[PDB]
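# Summary of the model geometry
Take a look at the letters that make up each chain.
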Amino acid sequence: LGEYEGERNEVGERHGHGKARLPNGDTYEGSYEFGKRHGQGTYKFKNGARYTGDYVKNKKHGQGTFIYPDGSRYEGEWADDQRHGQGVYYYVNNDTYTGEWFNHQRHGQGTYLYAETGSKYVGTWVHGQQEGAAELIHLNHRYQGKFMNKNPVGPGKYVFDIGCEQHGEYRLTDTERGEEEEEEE
Amino acid sequence: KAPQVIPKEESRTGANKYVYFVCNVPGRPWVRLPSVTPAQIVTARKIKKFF
Amino acid sequence: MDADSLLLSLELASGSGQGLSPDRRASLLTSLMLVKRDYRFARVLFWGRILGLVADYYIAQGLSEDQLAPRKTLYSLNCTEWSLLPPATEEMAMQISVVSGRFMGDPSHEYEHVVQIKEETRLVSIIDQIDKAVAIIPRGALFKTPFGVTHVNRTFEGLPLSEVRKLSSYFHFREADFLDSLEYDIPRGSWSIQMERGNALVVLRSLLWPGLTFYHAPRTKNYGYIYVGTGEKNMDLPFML
């Protein structure tokens, strides 16, 4: 229930560049193939969201820029209606993420910058969550250790810009034991 | 999306009741310590640094 | 701080502000003369006082003629009666790795490891750690003989004003130039060099074990050190540096 201003192939399927008005108020402006979106196109939502990027068979595949209704923004490579590959995500508090994606979640070597503090979180991600050996890069120091749930979990190390290290472990959820040694760098 | 900031106590009512002057060695002139914004200075007491 | 120059050393004027009462001062002159009498020491230095929680732990050390042996340190509560502490080793100092915090009052307080840990052994092993890590010696005060017996330099002048600010003109007072220099320090910058009263005083304030105070003037003959502090190691130091 809508309109489409473009060319149609022999049966009446949507092909090539065209502008279509979806029945709820969504608007797609881009290429079409066999009645499905395929190519660089600008998909607009009525709520405020907007996707400008490539399509393969009515699904986001390849590099695509997504505008989210809360204020978030993602440009990265897509695969089958999901973020999959090298992608850059920005959040509502201007925090940016730069890393790998598997299925709509952070998975692999990802870099998270906390823009309220300027500190960095360079390390591995499991299921969109801080898990694995990583590097919590602050201004003058950095934490090389293990993360399990938004927090250091086990043994680790604190590398400083003054030319020293601080060995230690996390015996609790939020408590770090500073024992025993401090090394040279 | 914007966090709120607790404004300064510009009068002498709260933590700015006493004005503070700092000199390094006696004989040197005193340096006036500035007034304190709460949410930027006292909430950041999780830092712990040498002077 | 030497026992013969306790009043001749600027303790409260050193800038740390953790000194003694006249009661504690007169008690140290009389009692350190007593432990120079009954314990045959070549010279006795007042090591310092640990503040504690319910009582103060006054610590003094005595030395033989060999000048590089482990110190026969002494402790007191009311700063008048002093008795010897047991000698320390690495396995006994390992035992307090599961406990932390200040220590209070009488040596008979048992700490939970359950192996009961005495206050006295924790005190003397902590004294050994503060002796090993910090409380430096000045340059030129300890000269070397061909034999293993080291004598204190009677001709010690021994630090020019150009070498006051340097890290390399201070060695660790520990058997190991003669000794390990202060540039072999972790972290880099764990000592606060500070200029009081112009060139007439310098303080090497330790930050790994505060509030340790090293006591100059140059052109002297003091050549002293004093630790008054909370007693535990500053593991927080590379964060604040």
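When you go through chain B residue by residue, the secondary structure sums to one helix and two strands. Going from N to C terminus, chain B has its helices and strands arranged as β-β-α. Relative to its length of 51 residues, chain B is extended, with a C-alpha radius of gyration of 14 Å against a globular reference of 10 Å. The principal-axis extents of the C-alpha atoms in chain B amount to approximately 50 × 30 × 15 Å. Classification of the 51 residues of chain B by burial places 6% in the buried group. As displayed, chain B offers around 5,100 Å² of accessible surface, 60% of which is attributable to carbon and sulfur atoms.

All names here are of chain C. One number sums up the size of the largest cavity: a volume of about 70 Å³. Considering the residues around the largest cavity, the lining is formed by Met1, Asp2, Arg43, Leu45, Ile137, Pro138, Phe173, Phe214, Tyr223, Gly224 and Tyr225. Mapped onto the lining of the largest cavity, the elements with two or more residues apiece are β1 (43–50), β7 (136–138) and β14 (224–229). Quantified by volume, the second largest cavity comes out at close to 40 Å³. Taken together, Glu11, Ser14, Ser16, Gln18, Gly211, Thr213, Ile226 and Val228 make up the lining of the second largest cavity. Considered class by class, the residues forming the lining of the second largest cavity number two nonpolar, five polar and one charged.

Turning next to the packing of aromatic side chains. Residue and element names in this part refer to chain A. Under the definition given, this model contains 38 aromatic pairs over all chains. Their ring planes at 35 degrees and their centres at 4.7 Å tell us that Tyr89 and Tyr91 sit as a pair that is tilted. In this structure, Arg83 is placed above the aromatic ring of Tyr74, and the distance from its NZ or CZ to the ring centre is 5.7 Å. One cation-aromatic arrangement involves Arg106 over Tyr97; the distance from NZ or CZ to the ring centre is 6.0 Å.

A word on the UniProt feature "repeat: MORN" in chain A. Residue and element names in this part refer to chain A. Sites flagged by UniProt as "repeat: MORN" map to residues 4–27, 28–50, 51–73, 74–96, 97–119 and 143–165. The distance separating the terminal C-alpha atoms of residues 4–27 is 10 Å; by composition the span is 0% helix and 58% strand. Here residues 28–50 runs as 0% helix and 70% strand, with 10 Å between its end C-alpha atoms.

With that out of the way, let us pick up the pairing of strand β12 (residues 130–137) of chain A. All names here are of chain A. Of all the eight residues making up β12, six are buried; the element is thus mostly covered by neighbouring parts of the structure. Summarising the sheet, strand β11 (residues 119–125) and β12 pair through five bridges and their orientation is antiparallel. In the strand pairing of β12, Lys120 is matched with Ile137. Counted between consecutive antiparallel strands, the loop separating β11 from β12 contains four residues, among which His127 sits at a positive phi close to 60 degrees. The pairing of β12 with strand β13 (residues 141–147) spans six bridges and is antiparallel. Counterpart to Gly132 in the pairing with β13 is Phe147. Here β12 hands over to β13 after three residues, the two strands then running antiparallel side by side.

Here we come to unusual backbone geometry. Generally, phi is negative for residues other than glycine and the peptide bonds are trans, each holding for most cases. With an omega of -10 degrees, the peptide bond between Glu157 of chain C and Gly158 of chain C qualifies as cis. By the element assignment, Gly158 of chain C lies in the loop between β9 (151–152) and β10 (170–172). The backbone of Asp80 of chain A shows a phi angle near 60 degrees, a positive value even though the residue is not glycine. Among the structural elements, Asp80 of chain A can be located in the loop between β7 (73–78) and β8 (83–90). Judged by relative accessible area, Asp80 of chain A falls into the partly exposed class, the value being 45%. For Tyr223 of chain C, which is not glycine, the phi dihedral falls at a positive 60 degrees. Its place among the elements puts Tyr223 of chain C in the loop between β13 (212–215) and β14.

With that out of the way, let us pick up a negative patch on the surface. A contiguous patch of negative charge, built from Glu169, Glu180, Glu181, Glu183, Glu184 and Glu185 of chain A together with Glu183 of chain C, is present on the exposed surface. Mapped onto the secondary structure, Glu183 of chain C falls in the loop between β10 and β11 (191–196). The partly exposed category is assigned to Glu183 of chain C, whose relative accessible area is 45%.

The subject of this paragraph is the interface of chain A and chain C. The parts lose accessible area when they come together, and the size of an interface is often stated as this lost area. Contact with chain A, which involves 13 residues of that partner, is made by nine residues of chain C. Summing both sides of the interface, chain A and chain C together bury roughly 1,100 Å²; the carbon and sulfur share of this comes to 58%. Inspection of the region where chain A meets chain C yields zero salt bridges. Here chain A is connected to chain C by three residue pairs in polar contact. Taken together, the residues that form the side of chain A that touches chain C break down as four nonpolar, three polar and six charged.

Quantified by volume, the largest pocket comes out at close to 1,500 Å³. In this structure, the largest pocket is lined by 43 residues; those nearest its centre are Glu180 of chain A together with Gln129, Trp209, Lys233 and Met235 of chain C. At the level of elements, α2 (90–93) and α3 (119–133) of chain C are the ones that each hand at least two residues to the lining of the largest pocket. At seven residues, α3 of chain C tops the list of elements feeding residues into the lining of the largest pocket. A breakdown of the residues in the lining of the largest pocket according to their chemical character gives 15 nonpolar, twelve polar and 16 charged. Of the volumes computed, that of the second largest pocket is approximately 1,000 Å³. A per-class count over the lining of the second largest pocket returns ten nonpolar, seven polar and six charged.

Calculation criteria
Residues numbered from 1 in each chain as written, not as in the entry; some residues may be left out. Chains lettered and ligands numbered in written order. Part of a larger assembly, values for the part shown. Heavy atoms only, no water. Helix = DSSP H or I, 4+ residues; strand = E, 2+ residues; numbered from the N terminus. Rg over C-alpha atoms; globule rule 2.2 N^0.38 Å. Buried < 20%, exposed > 50% of the residue type's maximum accessible area, 1.4 Å probe, protein only. Areas by Shrake-Rupley, 256 points an atom, 1.4 Å probe, with all protein chains shown as cover. 1 Å grid on protein atoms, 1.4 Å probe; cavity = no way out; pocket = protein on both sides within 12 Å on 5 of 7 lines; lining within 4 Å. Points joined across faces, edges and corners; volume = space filled by probe spheres on them. Nonpolar A, V, L, I, M, F, W, Y, C, P; charged D, E, K, R; others polar. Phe/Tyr/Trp six-rings, centres within 6.5 Å; stacked < 30°, edge-to-face > 60°. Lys NZ or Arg CZ within 6 Å of the ring centre and 35° of its normal. UniProt positions renumbered as here; feature names shortened; annotations may be inferred. Pairing = 2+ DSSP bridges. Patch = residues over 30% accessible without salt bridge, like charges linked within 9 Å, V, L, I, M, F, W, Y side chains within 5 Å. Salt bridge = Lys/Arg side-chain N within 4 Å of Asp/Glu carboxyl O. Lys, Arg positive; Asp, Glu negative; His and termini not counted. Charge placed at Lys NZ, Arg CZ, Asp CG, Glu CD. Contact = heavy atoms within 4.5 Å. Buried area = accessible area lost by both parts, 1.4 Å probe. Polar contact = N/O pair within 3.5 Å; in protein donor to acceptor, adjacent residues only side chain to side chain.

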